[PDB]
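In PDB author numbering, the protein residues as written are 6 to 159.
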């Protein structure tokens, strides 16, 4: 239900642990330069959409996915760290830019084992590049399953 307010539920795109941005080894992320949110220690390979919206941001390199909900708030899923460097290697995407997706849809499949050696970190950031409703009332931390609620942007 919705009563004088609508919130945004964010799911986990893979299996693993939700950790904080401060636990991310990258100035841009850990410092929240572009926005806030959290991260994930991918246990699984499949990364799924955290919400429903338009893949407004995608790339040939397949390492980062931008989804814009009907509300305009944009959330960015960014697999690991430095992954742009890989020129799309180990990534098998299933989406294209401008595509509309449903939360829990698969975005891509990452060769985590491979990628994990090539880059500084596979810890994957989830940031809201644009909100307004800029409050994460709750971020569920700890061990999660893909498709679990993990945060509320209320």
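Where a beta carbon is used, it is the ideal one built from N, C-alpha and C, also for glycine.
- Within the same chain, 13, 133, 135, 136, 137, 138 and 158 come within 8 Å of residue 78 by CB-CB distance, once the 5 residues on both sides are set aside.
- Residue 62 and residue 18 have their C-alpha atoms some 16 Å from each other.
- Taking a C-beta distance under 8 Å as the contact criterion, residue 65 and residue 85 do not qualify as a contact pair.
- The criterion of a C-beta distance shorter than 8 Å is not satisfied by residue 100 and residue 81.
- Per the coordinates, the alpha-carbon of residue 21 lies some 28 Å from the alpha-carbon of residue 75.
- Here the alpha carbons of residue 8 and residue 102 stand approximately 34 Å from one another.
- DSSP, read as helix, strand or coil, puts residue 90 in helix.
- With respect to residue 58, residue 106 sits close: the two C-beta atoms are nearer than 8 Å.
- One Cα belongs to residue 83, the other to residue 72, and the distance between them is close to 11 Å.
- Distance between residue 29 and residue 110, taken at the CA atoms: about 25 Å.
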